[PDB]
There are 2 protein chains.
Amino acid sequence: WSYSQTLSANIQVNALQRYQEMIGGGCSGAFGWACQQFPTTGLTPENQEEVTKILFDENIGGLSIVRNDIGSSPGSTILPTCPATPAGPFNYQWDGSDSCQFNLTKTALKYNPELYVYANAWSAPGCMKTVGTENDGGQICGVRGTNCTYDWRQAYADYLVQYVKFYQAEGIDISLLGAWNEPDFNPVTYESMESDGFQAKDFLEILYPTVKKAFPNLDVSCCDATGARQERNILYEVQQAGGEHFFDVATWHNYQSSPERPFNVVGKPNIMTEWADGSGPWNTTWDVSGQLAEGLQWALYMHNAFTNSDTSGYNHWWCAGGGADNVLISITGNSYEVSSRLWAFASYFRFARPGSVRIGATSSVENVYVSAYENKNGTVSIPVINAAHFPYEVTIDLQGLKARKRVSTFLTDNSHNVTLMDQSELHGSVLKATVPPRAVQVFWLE
Amino acid sequence: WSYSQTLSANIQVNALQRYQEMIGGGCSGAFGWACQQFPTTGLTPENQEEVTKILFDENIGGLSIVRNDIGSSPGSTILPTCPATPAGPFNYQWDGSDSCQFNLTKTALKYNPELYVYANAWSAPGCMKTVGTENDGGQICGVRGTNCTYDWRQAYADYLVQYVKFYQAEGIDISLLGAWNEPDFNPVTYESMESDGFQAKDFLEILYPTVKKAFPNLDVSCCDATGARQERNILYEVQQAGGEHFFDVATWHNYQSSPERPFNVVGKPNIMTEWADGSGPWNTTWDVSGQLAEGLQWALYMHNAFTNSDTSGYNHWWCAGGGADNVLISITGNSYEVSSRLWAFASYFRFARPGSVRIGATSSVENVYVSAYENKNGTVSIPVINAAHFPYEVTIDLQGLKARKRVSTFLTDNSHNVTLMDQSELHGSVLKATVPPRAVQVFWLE
Ligand SMILES: *[C@@H]1O[C@H](CO)[C@@H](O[C@@H]2O[C@H](CO)[C@@H](O[C@@H]3O[C@H](CO[C@H]4O[C@H](CO[C@H]5O[C@H](CO)[C@@H](O)[C@H](O)[C@@H]5O[C@H]5O[C@H](CO)[C@@H](O)[C@H](O)[C@@H]5O)[C@@H](O)[C@H](O[C@H]5O[C@H](CO)[C@@H](O)[C@H](O)[C@@H]5O[C@H]5O[C@H](CO)[C@@H](O)[C@H](O)[C@@H]5O)[C@@H]4O)[C@@H](O)[C@H](O[C@H]4O[C@H](CO)[C@@H](O)[C@H](O)[C@@H]4O[C@H]4O[C@H](CO)[C@@H](O)[C@H](O)[C@@H]4O[C@H]4O[C@H](CO)[C@@H](O)[C@H](O)[C@@H]4O)[C@@H]3O)[C@H](O)[C@H]2NC(C)=O)[C@H](O)[C@H]1NC(C)=O
Ligand SMILES: *[C@@H]1O[C@H](CO)[C@@H](O[C@@H]2O[C@H](CO)[C@@H](O[C@@H]3O[C@H](CO[C@H]4O[C@H](CO[C@H]5O[C@H](CO)[C@@H](O)[C@H](O)[C@@H]5O[C@H]5O[C@H](CO)[C@@H](O)[C@H](O)[C@@H]5O)[C@@H](O)[C@H](O[C@H]5O[C@H](CO)[C@@H](O)[C@H](O)[C@@H]5O)[C@@H]4O)[C@@H](O)[C@H](O[C@H]4O[C@H](CO)[C@@H](O)[C@H](O)[C@@H]4O[C@H]4O[C@H](CO)[C@@H](O)[C@H](O)[C@@H]4O)[C@@H]3O)[C@H](O)[C@H]2NC(C)=O)[C@H](O)[C@H]1NC(C)=O
Ligand SMILES: *[C@@H]1O[C@H](CO)[C@@H](O[C@@H]2O[C@H](CO)[C@@H](O[C@@H]3O[C@H](CO[C@H]4O[C@H](CO)[C@@H](O)[C@H](O[C@H]5O[C@H](CO)[C@@H](O)[C@H](O)[C@@H]5O)[C@@H]4O)[C@@H](O)[C@H](O[C@H]4O[C@H](CO)[C@@H](O)[C@H](O)[C@@H]4O)[C@@H]3O)[C@H](O)[C@H]2NC(C)=O)[C@H](O)[C@H]1NC(C)=O
Ligand SMILES: *[C@@H]1O[C@H](CO)[C@@H](O[C@@H]2O[C@H](CO)[C@@H](O[C@@H]3O[C@H](CO[C@H]4O[C@H](CO)[C@@H](O)[C@H](O)[C@@H]4O)[C@@H](O)[C@H](O[C@H]4O[C@H](CO)[C@@H](O)[C@H](O)[C@@H]4O)[C@@H]3O)[C@H](O)[C@H]2NC(C)=O)[C@H](O)[C@H]1NC(C)=O
Ligand SMILES: *[C@@H]1O[C@H](CO)[C@@H](O[C@@H]2O[C@H](CO)[C@@H](O)[C@H](O)[C@H]2NC(C)=O)[C@H](O)[C@H]1NC(C)=O
Ligand SMILES: *[C@@H]1O[C@H](CO)[C@@H](O[C@@H]2O[C@H](CO)[C@@H](O)[C@H](O)[C@H]2NC(C)=O)[C@H](O)[C@H]1NC(C)=O
Ligand SMILES: *[C@@H]1O[C@H](CO)[C@@H](O)[C@H](O)[C@H]1NC(C)=O
Ligand SMILES: *[C@@H]1O[C@H](CO)[C@@H](O)[C@H](O)[C@H]1NC(C)=O
Ligand SMILES: *[C@@H]1O[C@H](CO)[C@@H](O)[C@H](O)[C@H]1NC(C)=O
């Protein structure tokens, strides 16, 4: 809703003030959701291509991250049968599908050559865990606080690297490798594995050099905790245990604690690697209810992470399929619907491409939000969020961007999906525009 | 889970550093949940008393806040029929039940004489709203951005004060009065009413002096937003509109944004007035899964709010009844179970009573959390949370508490519910103790 009233906001953007390097937005096809995106029954191949294109085409959804589950379940793992001991031999199996995640990754890469693939294990194979199963939590055999018949840490590291090798041989580079999912949480009934930061360091001291020996440019994550506070606690313990230099990227989920402050690592970026409305019905609205599933709220959640926790990437849970509101694109039979959450993603990532750097942006009005990003080639994005219920006349002072010639204005609200509204020449360093209520307006400077 | 390892933590507590004044913990019986706690069949009257005592007895749950819905629905409102215009006559009705909330409040007061009652409207009567119904959001007629036939603001203020008068005539003092619930959110199907901060100020400028004339010590809240960020935006706008001194307490819910920083108001306390696991099954465990419903997680959520957003009070959603995990005590027939979330509440509020002041407390270990509270009468509570998975030997240095002579130690973990562990004489200003893994240990100084 909105009403007639106009106020003003002053914004200053300063390319001399520089923060994090951005990675992008993304989603997962884990647990067979990639097969709902690529079913070859119901959704036609034309429509499966279109759905993936909507997500990963720079000009539409703008996404760049595909997060794949290194599976550990019957029929989803590269190690369906384990050797008796870590001496092996190991019989690795690749079916060219990987629960259709290979299809998802290959197709996303077709539409986005800058794809950032995150291979993330939810559990080790059960044979290398205290509980003897990929379900029900438990620990990698060989970290402190375990008493298994053998130390399986090297074997688990080698297994993760082999998964990466399968994708490399198909011509797909992995960008990030993770060995846990939500290690602070035991869901019991599906792939899971628990850890504190001391036990995590006990594994990372083996994983990290093993990875760099095979793939010197492959980054290692830690540790996909359920929330920001749980991640900070694991990060503290990893560093306390001596493992500061055994991971490269802090990864965390937004389910069980959300941050308003940075993470407790120096010199490492962070990615929010999973979040969704896990309980509500399928939803597409931008700003009708004010509920957390809506697109405008996701624009605001992302602004908070990028400006207050210096976050470099942001992932929905699933890309496309069933699962009610857990996807960005809902698929039923040969039909699909796009949630306006994707246009919140696009408002950031259609314009701030991988390698862009967040730069200084301030607003004189608390709920007229602004951030700004400078691409490697010097183009600049300024996504402004008018979270108020009436229009704001904004004035944007540009510092450090004198080499800019043109400005294009894009709008997302209840009747606009990143719509091009205006294009003008830049004849000074000041932008003036009226931002509609409850909207994201992106100023694209070239 | 835990393992064998011991590390140490240094803690410093300083009564010379002083923060917020505490109000307490509590819950609601709105929407008929008080009638599930006091039912006409099933739970016996003796068990109804016992459930209320478990919540509000200082020695058990330690809660002090009862949050009541000033109802607006057929059968639950003090204004069953509206006059045609704000001139009235208003035919107010008091049935002495208030959807059993009177019984909840009167029984809670019997177990806690310091009960802090928060009377909170979810919506104005439909006749005073733009939408003509208590459901489906909409605005108080007469705030900016409305074009109703009449300005109903004074009438709504008088109606809220009359509700308070009915309670005060029955011998129950109301401590806080709120005119909206989640004004950033429209659930459509139940009592709701929307507002931005400008519109809220337009009503608060009438409600506030109306309230203080009738009840000079009755505090006014604003505005029970669905999350911390939504509350900050409304508070910004109320103050931008000129309304800084038309409310007394900032109220907010933890559903759609959680804080790690203070709220944007000077000289006013804040209360987190509603949160719960809205979707999961009924749950009582302390630390088995690591899921957000668990008692240990709630202890940590409260620590975060009290130490990082200076929060003075904390409410579950419902007190007791059905509704899966939305209650602190589940009732089925003549049986009940208590969630260990209640022992997280007690770890703070059994010992930090109304009027206590949060004092300085630091820990040398990130996930050994500490806070500290000084009661008006000089006793001090120090709730330490060992969020690690092994025991910590803590050393607590006490500054500014020379005149305390005794310490009692209370423990909550998977096998203890605020159990008295030890009582010792206080020699010197140094406490030493081993805090078990995944536990809240309270040091009670007298
Ligand atoms: C400051 O401040 C603070 C805070 O506030 C404080 O403190 C506090 O105080 C309060 C007041 O006083 C209190 O309360 C109270 O209480 C009571 C009871 O008591 C009892 O109990 C308790 C508890 O117990 C439990 O716990 C424990 C621990 O753990 C254990 O051990 C036990 O066994 C138990 O257990 C159980 O339970 C639990 C839960 O609870 C569980 O968990 C478990 O498991 C189990 O089950 C206790 O504590 C006590 O004891 C104590 O004390 C005694 C004396 O009495 C002694 O002898 C002992 O020894 C002890 O002490 C020790 O310890 C402790 C701990 O425990 C420590 O702390 C110390 O220090 C020492 O060391 C007992 O046993 C009650 O009764 C009360 O009530 C009342 O009041 C109310 C209000 O307030 C009301 O409502 C009610 O109703 C009543 O009323 C009545 O009374 C009054 C007076 O009293 C009046 O006024 C009225 O009117 C009425 O009257 C009527 O009635 C009567 C009778 O009663 C008659 O007589 C007449 O005539 C008429 O008819 C109260 O509530 C609390 O407790 C406290 N806290 C703490 C923590 O401590 C302080 O004090 C201050 N200070 C200053 C200086 O000021
Ligand atoms: C600095 O970095 C910047 C960031 O990267 C960079 O900007 C971006 O550059 C890239 C690379 O060039 C651009 O991406 C290309 O886009 C081509 C299509 O371009 C045309 O369509 C665009 C989108 O059009 C929609 O949106 C507009 C804005 O709302 C509307 O006006 C349109 O009507 C249209 O709307 C429809 O779709 C919307 C969703 O998209 C929807 O909301 C709406 O409702 C409606 O449905 C237009 O922006 C663009 O228009 C501009 O350019 C034309 C000139 O062509 C002008 O006439 C226009 O007036 C306007 O100025 C175009 O119309 C793609 O074809 C291209 O694909 C190729 O490349 C990718 C990989 O990048 C491959 O995967 C793909 O297969 C293609 O490969 C083929 O070609 C390449 C060479 O092109 C070759 O190498 C390869 O081997 C193969 O042969 C690519 O995706 C991106 O659009 C730019 N973004 C922005 C925001 O501008 C910037 O240029 C850099 N600057 C410098 C100096 O380096
Ligand atoms: C400290 O504080 C804690 C927290 O309050 C107290 O611990 C809790 O106590 C309550 C009761 O006071 C417990 O609830 C009861 O649990 C028992 C045990 O159930 C378990 O074991 C059974 C085998 O003996 C098993 O059958 C159960 O499994 C069934 O039920 C679960 C429910 O989740 C379901 O998921 C399964 O699929 C099964 O269907 C379970 O594993 C249980 O038997 C009790 O049932 C009785 O009462 C209920 C009414 O509540 C009634 O409906 C039943 O028919 C039956 O009459 C009841 O559920 C609770 O589990 C405890 N929680 C924890 C974390 O321990 C603790 O007691 C306090 N300490 C002290 C000293 O007081
Ligand atoms: C900008 O981006 C937004 C967000 O992606 C787009 O808006 C969404 O568009 C989709 C379709 O692409 C909409 O989904 C469709 O909504 C229709 C309306 O549903 C309402 O009204 C009917 C009428 O009775 C009710 O039955 C229903 O419950 C709703 O109240 C539906 O009719 C559509 O149903 C279709 O699919 C189902 C599949 O089971 C079939 O049963 C039907 O027969 C039919 O084939 C569908 O659900 C969605 O509502 C839009 N959301 C919003 C917030 O607008 C914009 O289109 C896009 N802009 C542009 C220009 O493209
Ligand atoms: C999420 O978005 C959906 C649409 O994708 C909204 O669906 C509406 O549902 C109500 C019934 O609950 C219908 O009367 C409307 O016609 C639906 N709208 C449309 C456009 O189809 C749903 O309300 C949204 N939920 C939230 C919480 O915002
Ligand atoms: C919340 O607490 C309940 C107990 O109140 C836990 O219940 C267990 O549920 C599983 C199935 O999900 C049963 O097999 C167990 O027997 C139950 N335990 C008991 C003691 O009844 C439940 O697991 C907890 N949920 C979370 C997420 O922690
Ligand atoms: C997935 O890709 C493989 C080869 O990469 C192909 O054989 C198979 O048909 C694809 N599956 C779907 C459902 O598109
Ligand atoms: C570990 O397990 C083996 C085999 O059960 C047992 O012999 C050994 O004592 C255990 N180690 C410890 C330290 O308990
Ligand atoms: C509510 O309180 C009155 C007076 O104490 C009592 O008579 C009535 O039975 C109570 N109602 C219920 C449902 O317990």
# chains A, B, ... in the order shown; residues from 1 in each chain; ligands from 1

call {"tool": "residues_near_ligand", "arguments": {"ligand": "ligand 1", "cutoff": "10 Å", "atoms": "only C-alpha atoms and all ligand atoms", "output": "PyMOL selection string"}}
result
chain B and resi 53-54+56-62+108-114+343+346+349-354+356+374-381+405-412+416-425+444-446

call {"tool": "interface_residues", "arguments": {"of": "chain B", "to": "chain A", "cutoff": "8 Å", "atoms": "only C-alpha atoms", "output": "list in words"}}
result
residues 2, 3, 4, 145, 184, 185, 186, 187, 196, 233, 236, 256, 257, 258, 259, 260, 261, 279, 288, 289, 290, 291, 292, 366, 367, 388 and 389 of chain B

call {"tool": "residues_around", "arguments": {"residues": "residue A:401", "least_positions_apart": "3", "cutoff": "7 Å", "atoms": "only C-alpha atoms", "output": "list in words"}}
result
residues 15, 398 and 404 of chain A

call {"tool": "residues_near_ligand", "arguments": {"ligand": "ligand 9", "cutoff": "6 Å", "atoms": "only C-alpha atoms and all ligand atoms", "output": "list in words"}}
result
residues 38, 39, 40, 97, 100 and 103 of chain B

call {"tool": "write_last_selection", "arguments": {"atoms": "C-alpha atoms", "output": "PDB file, in the first residue's frame"}}
result
ATOM      1  CA  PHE B  38      -8.402 -22.359  31.539  1.00  0.00           C
ATOM      2  CA  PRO B  39     -10.751 -24.721  29.681  1.00  0.00           C
ATOM      3  CA  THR B  40     -14.282 -25.745  30.625  1.00  0.00           C
ATOM      4  CA  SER B  97     -13.739 -12.802  30.771  1.00  0.00           C
ATOM      5  CA  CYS B 100     -10.325 -15.860  29.330  1.00  0.00           C
ATOM      6  CA  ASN B 103      -8.512 -15.250  34.187  1.00  0.00           C
TER       7      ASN B 103
END

call {"tool": "closest_atom_pairs", "arguments": {"of": "chain B", "to": "ligand 3", "cutoff": "7 Å", "atoms": "only C-alpha atoms and all ligand atoms", "output": "CSV"}}
result
residue,atom,partner,partner_atom_place_in_ligand_line,distance
B:284,CA,ligand 3,64 (C),4.9
B:285,CA,ligand 3,64 (C),3.7
B:286,CA,ligand 3,64 (C),6.0
B:332,CA,ligand 3,49 (C),6.5
B:335,CA,ligand 3,49 (C),5.2
B:336,CA,ligand 3,50 (O),5.3
B:337,CA,ligand 3,50 (O),5.3
B:338,CA,ligand 3,5 (O),4.0
B:339,CA,ligand 3,5 (O),4.8
B:340,CA,ligand 3,4 (C),4.6
B:414,CA,ligand 3,64 (C),6.8
B:416,CA,ligand 3,1 (C),6.3
B:417,CA,ligand 3,1 (C),4.9

call {"tool": "write_last_selection", "arguments": {"atoms": "N, CA and C atoms", "output": "PDB file, in the first residue's frame"}}
result
ATOM      1  N   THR B 284      10.402 -29.942  23.335  1.00  0.00           N
ATOM      2  CA  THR B 284      10.826 -29.687  24.709  1.00  0.00           C
ATOM      3  C   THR B 284      12.327 -29.800  24.944  1.00  0.00           C
ATOM      4  N   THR B 285      13.105 -30.279  23.968  1.00  0.00           N
ATOM      5  CA  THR B 285      14.510 -30.592  24.216  1.00  0.00           C
ATOM      6  C   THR B 285      15.329 -29.328  24.460  1.00  0.00           C
ATOM      7  N   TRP B 286      16.410 -29.500  25.223  1.00  0.00           N
ATOM      8  CA  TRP B 286      17.335 -28.426  25.558  1.00  0.00           C
ATOM      9  C   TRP B 286      18.439 -28.285  24.503  1.00  0.00           C
ATOM     10  N   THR B 332      -2.821 -31.106  26.529  1.00  0.00           N
ATOM     11  CA  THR B 332      -3.678 -32.055  25.817  1.00  0.00           C
ATOM     12  C   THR B 332      -4.556 -32.723  26.860  1.00  0.00           C
ATOM     13  N   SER B 335      -3.513 -33.151  30.698  1.00  0.00           N
ATOM     14  CA  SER B 335      -2.077 -33.379  30.770  1.00  0.00           C
ATOM     15  C   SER B 335      -1.357 -32.168  30.204  1.00  0.00           C
ATOM     16  N   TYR B 336      -0.112 -31.982  30.635  1.00  0.00           N
ATOM     17  CA  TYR B 336       0.681 -30.874  30.126  1.00  0.00           C
ATOM     18  C   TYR B 336       2.157 -31.245  30.145  1.00  0.00           C
ATOM     19  N   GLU B 337       2.915 -30.630  29.238  1.00  0.00           N
ATOM     20  CA  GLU B 337       4.367 -30.744  29.215  1.00  0.00           C
ATOM     21  C   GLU B 337       4.966 -29.354  29.113  1.00  0.00           C
ATOM     22  N   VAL B 338       6.140 -29.183  29.708  1.00  0.00           N
ATOM     23  CA  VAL B 338       6.842 -27.907  29.704  1.00  0.00           C
ATOM     24  C   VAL B 338       8.018 -27.992  28.739  1.00  0.00           C
ATOM     25  N   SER B 339       8.127 -27.020  27.829  1.00  0.00           N
ATOM     26  CA  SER B 339       9.332 -26.944  27.005  1.00  0.00           C
ATOM     27  C   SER B 339      10.511 -26.417  27.813  1.00  0.00           C
ATOM     28  N   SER B 340      11.695 -26.994  27.589  1.00  0.00           N
ATOM     29  CA  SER B 340      12.868 -26.427  28.252  1.00  0.00           C
ATOM     30  C   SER B 340      13.204 -25.012  27.784  1.00  0.00           C
ATOM     31  N   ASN B 414      20.925 -30.739  29.388  1.00  0.00           N
ATOM     32  CA  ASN B 414      20.011 -31.815  29.020  1.00  0.00           C
ATOM     33  C   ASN B 414      19.507 -32.612  30.225  1.00  0.00           C
ATOM     34  N   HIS B 416      19.434 -31.119  33.676  1.00  0.00           N
ATOM     35  CA  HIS B 416      19.218 -30.220  34.802  1.00  0.00           C
ATOM     36  C   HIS B 416      18.273 -29.112  34.360  1.00  0.00           C
ATOM     37  N   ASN B 417      17.262 -28.813  35.177  1.00  0.00           N
ATOM     38  CA  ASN B 417      16.345 -27.686  34.951  1.00  0.00           C
ATOM     39  C   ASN B 417      16.567 -26.648  36.052  1.00  0.00           C
TER      40      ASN B 417
END

call {"tool": "select_by_dssp", "arguments": {"residues": "stretch 50-274 of chain A", "states": "strand (DSSP E)", "output": "ChimeraX atom specification"}}
result
/A:65-70,116-121,176-178,219-225,249-253,270-274

call {"tool": "residues_around", "arguments": {"residues": "residue B:306", "least_positions_apart": "4", "cutoff": "10 Å", "atoms": "only C-alpha atoms", "output": "ChimeraX atom specification"}}
result
/B:19-20,22,260,262,270-272,300-302,310-314,358,371-372

call {"tool": "write_last_selection", "arguments": {"atoms": "N, CA and C atoms", "output": "compact mmCIF listing (two decimals), in the first residue's frame"}}
result
# COMPACT_ATOMS: atom_id res chain seq x y z
N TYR B 19 23.73 -0.72 32.16
CA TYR B 19 22.99 -0.64 30.91
C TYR B 19 21.49 -0.56 31.18
N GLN B 20 20.70 -1.41 30.53
CA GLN B 20 19.26 -1.24 30.56
C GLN B 20 18.66 -1.76 31.86
N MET B 22 15.86 -4.00 33.34
CA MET B 22 15.04 -5.16 32.94
C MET B 22 13.58 -5.07 33.38
N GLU B 260 21.47 -7.31 15.93
CA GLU B 260 22.74 -7.44 16.64
C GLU B 260 23.26 -6.06 17.04
N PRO B 262 21.80 -1.89 18.63
CA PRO B 262 20.71 -1.24 19.38
C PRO B 262 19.63 -0.68 18.46
N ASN B 270 13.43 -1.18 25.14
CA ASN B 270 12.74 -1.97 24.14
C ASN B 270 12.44 -3.36 24.69
N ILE B 271 11.33 -3.93 24.23
CA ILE B 271 10.89 -5.26 24.61
C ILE B 271 10.65 -6.06 23.34
N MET B 272 11.16 -7.28 23.30
CA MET B 272 10.88 -8.16 22.17
C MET B 272 9.59 -8.86 22.61
N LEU B 300 20.51 -18.48 24.08
CA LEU B 300 21.45 -17.71 23.27
C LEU B 300 20.76 -16.56 22.55
N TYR B 301 19.54 -16.78 22.04
CA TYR B 301 18.79 -15.67 21.43
C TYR B 301 18.56 -14.54 22.42
N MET B 302 18.21 -14.90 23.66
CA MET B 302 17.98 -13.88 24.67
C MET B 302 19.28 -13.18 25.04
N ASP B 310 20.35 -4.23 23.90
CA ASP B 310 20.00 -3.62 25.19
C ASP B 310 18.54 -3.91 25.57
N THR B 311 18.05 -5.09 25.19
CA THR B 311 16.63 -5.39 25.32
C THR B 311 16.25 -5.69 26.78
N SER B 312 15.10 -5.16 27.21
CA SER B 312 14.66 -5.26 28.61
C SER B 312 13.67 -6.38 28.88
N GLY B 313 13.04 -6.93 27.86
CA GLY B 313 12.08 -7.99 28.09
C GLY B 313 11.98 -8.87 26.86
N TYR B 314 11.38 -10.04 27.04
CA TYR B 314 11.41 -11.07 26.00
C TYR B 314 10.19 -11.96 26.18
N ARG B 358 21.12 -4.37 33.92
CA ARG B 358 22.20 -5.12 33.30
C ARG B 358 23.52 -4.39 33.55
N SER B 371 26.36 -12.54 30.68
CA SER B 371 25.77 -11.25 31.00
C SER B 371 25.57 -11.22 32.51
N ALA B 372 25.21 -10.06 33.04
CA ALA B 372 25.11 -9.92 34.48
C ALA B 372 24.08 -8.84 34.80

call {"tool": "closest_residue", "arguments": {"among": "A:334, A:208, A:21, A:96", "to": "residue A:45", "atoms": "only C-alpha atoms"}}
result
A:334

call {"tool": "residues_around", "arguments": {"residues": "residue B:92", "least_positions_apart": "4", "cutoff": "12 Å", "atoms": "only C-alpha atoms", "output": "list in words"}}
result
residues 76, 77, 78, 79, 80, 81, 82, 83, 88, 158, 159, 160, 161, 162, 163, 165 and 166 of chain B

call {"tool": "atom_distance", "arguments": {"atom1": "atom 9 (O, counted along the ligand's line) of ligand 2", "atom2": "atom CA of residue A:18"}}
result
22.7 Å

call {"tool": "residues_around", "arguments": {"residues": "residue A:325", "least_positions_apart": "2", "cutoff": "6 Å", "atoms": "only C-alpha atoms", "output": "list in words"}}
result
residues 277, 281, 282 and 327 of chain A

call {"tool": "select_by_dssp", "arguments": {"residues": "stretch 146-207 of chain A", "states": "helix (DSSP H, G or I)", "output": "list in words"}}
result
residues 153, 154, 155, 156, 157, 158, 159, 160, 161, 162, 163, 164, 165, 166, 167, 168, 169, 197, 198, 199, 200, 201, 202, 203, 204, 205, 206 and 207 of chain A

call {"tool": "atom_distance", "arguments": {"atom1": "atom 3 (C, counted along the ligand's line) of ligand 7", "atom2": "atom CA of residue A:320"}}
result
18.3 Å

call {"tool": "closest_residue", "arguments": {"among": "A:50, A:248, A:151, A:98", "to": "ligand 7", "atoms": "only C-alpha atoms and all ligand atoms"}}
result
A:98

call {"tool": "residues_near_ligand", "arguments": {"ligand": "ligand 7", "cutoff": "12 Å", "atoms": "only C-alpha atoms and all ligand atoms", "output": "ChimeraX atom specification"}}
result
/A:32-49,52,94-107,167,170-172

call {"tool": "residues_around", "arguments": {"residues": "residue B:204", "least_positions_apart": "3", "cutoff": "10 Å", "atoms": "only C-alpha atoms", "output": "list in words"}}
result
residues 143, 153, 157, 178, 179, 197, 198, 199, 200, 201, 207, 208, 209, 210, 211, 220, 221, 222, 238, 243, 244, 245, 246 and 247 of chain B

call {"tool": "write_last_selection", "arguments": {"atoms": "N, CA and C atoms", "output": "CSV table (one decimal), in the first residue's frame"}}
result
chain,number,residue,atom,x,y,z
B,143,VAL,N,-5.7,9.1,10.2
B,143,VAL,CA,-4.2,9.3,10.0
B,143,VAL,C,-4.0,9.7,8.5
B,153,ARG,N,-9.7,8.8,15.2
B,153,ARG,CA,-8.5,8.7,16.1
B,153,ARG,C,-8.8,8.9,17.6
B,157,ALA,N,-8.6,6.0,20.5
B,157,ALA,CA,-7.8,6.3,21.8
B,157,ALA,C,-8.7,6.1,23.0
B,178,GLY,N,-0.5,-0.8,23.8
B,178,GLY,CA,-0.1,-0.8,22.4
B,178,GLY,C,-1.3,-0.8,21.5
B,179,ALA,N,-1.2,0.0,20.4
B,179,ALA,CA,-2.3,0.2,19.5
B,179,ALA,C,-2.2,-0.6,18.2
B,197,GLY,N,5.4,4.9,10.0
B,197,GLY,CA,5.7,5.7,11.2
B,197,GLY,C,5.0,7.0,11.2
B,198,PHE,N,4.9,7.6,10.0
B,198,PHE,CA,4.2,8.9,9.9
B,198,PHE,C,2.7,8.8,10.4
B,199,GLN,N,2.0,7.7,9.9
B,199,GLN,CA,0.7,7.4,10.2
B,199,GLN,C,0.6,7.1,11.7
B,200,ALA,N,1.6,6.4,12.2
B,200,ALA,CA,1.6,6.0,13.6
B,200,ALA,C,1.7,7.2,14.5
B,201,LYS,N,2.5,8.2,14.2
B,201,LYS,CA,2.6,9.4,14.9
B,201,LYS,C,1.3,10.2,14.9
B,207,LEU,N,-3.3,9.5,21.1
B,207,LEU,CA,-3.4,8.5,22.1
B,207,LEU,C,-2.6,8.9,23.3
B,208,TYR,N,-1.4,9.4,23.1
B,208,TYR,CA,-0.4,9.6,24.2
B,208,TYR,C,-1.0,10.5,25.3
B,209,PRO,N,-1.4,11.8,25.0
B,209,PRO,CA,-2.0,12.6,26.0
B,209,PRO,C,-3.3,12.1,26.5
B,210,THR,N,-4.1,11.4,25.7
B,210,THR,CA,-5.3,10.8,26.2
B,210,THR,C,-5.0,9.8,27.3
B,211,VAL,N,-4.0,8.9,27.0
B,211,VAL,CA,-3.5,7.9,28.0
B,211,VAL,C,-3.1,8.6,29.3
B,220,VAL,N,3.2,3.8,26.9
B,220,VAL,CA,2.7,3.6,25.5
B,220,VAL,C,3.8,2.9,24.7
B,221,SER,N,3.4,1.9,24.0
B,221,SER,CA,4.4,1.2,23.1
B,221,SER,C,4.3,1.7,21.7
B,222,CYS,N,5.3,1.3,20.9
B,222,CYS,CA,5.3,1.4,19.4
B,222,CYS,C,6.4,0.4,18.9
B,238,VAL,N,8.3,7.7,13.0
B,238,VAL,CA,7.6,8.4,14.1
B,238,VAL,C,8.4,9.6,14.5
B,243,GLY,N,7.1,12.7,16.6
B,243,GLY,CA,6.5,12.0,17.6
B,243,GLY,C,7.4,11.3,18.6
B,244,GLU,N,8.6,11.7,18.7
B,244,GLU,CA,9.6,11.1,19.6
B,244,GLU,C,9.0,11.0,21.1
B,245,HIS,N,8.2,11.9,21.5
B,245,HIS,CA,7.7,11.9,22.9
B,245,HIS,C,6.3,11.5,23.0
B,246,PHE,N,5.8,10.8,21.9
B,246,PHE,CA,4.4,10.2,22.0
B,246,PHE,C,4.5,8.7,22.1
B,247,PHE,N,5.6,8.1,22.6
B,247,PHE,CA,5.6,6.8,23.0
B,247,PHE,C,6.7,6.6,24.0

call {"tool": "closest_residue", "arguments": {"among": "A:397, A:355, A:223, A:276", "to": "ligand 2", "atoms": "only C-alpha atoms and all ligand atoms"}}
result
A:355
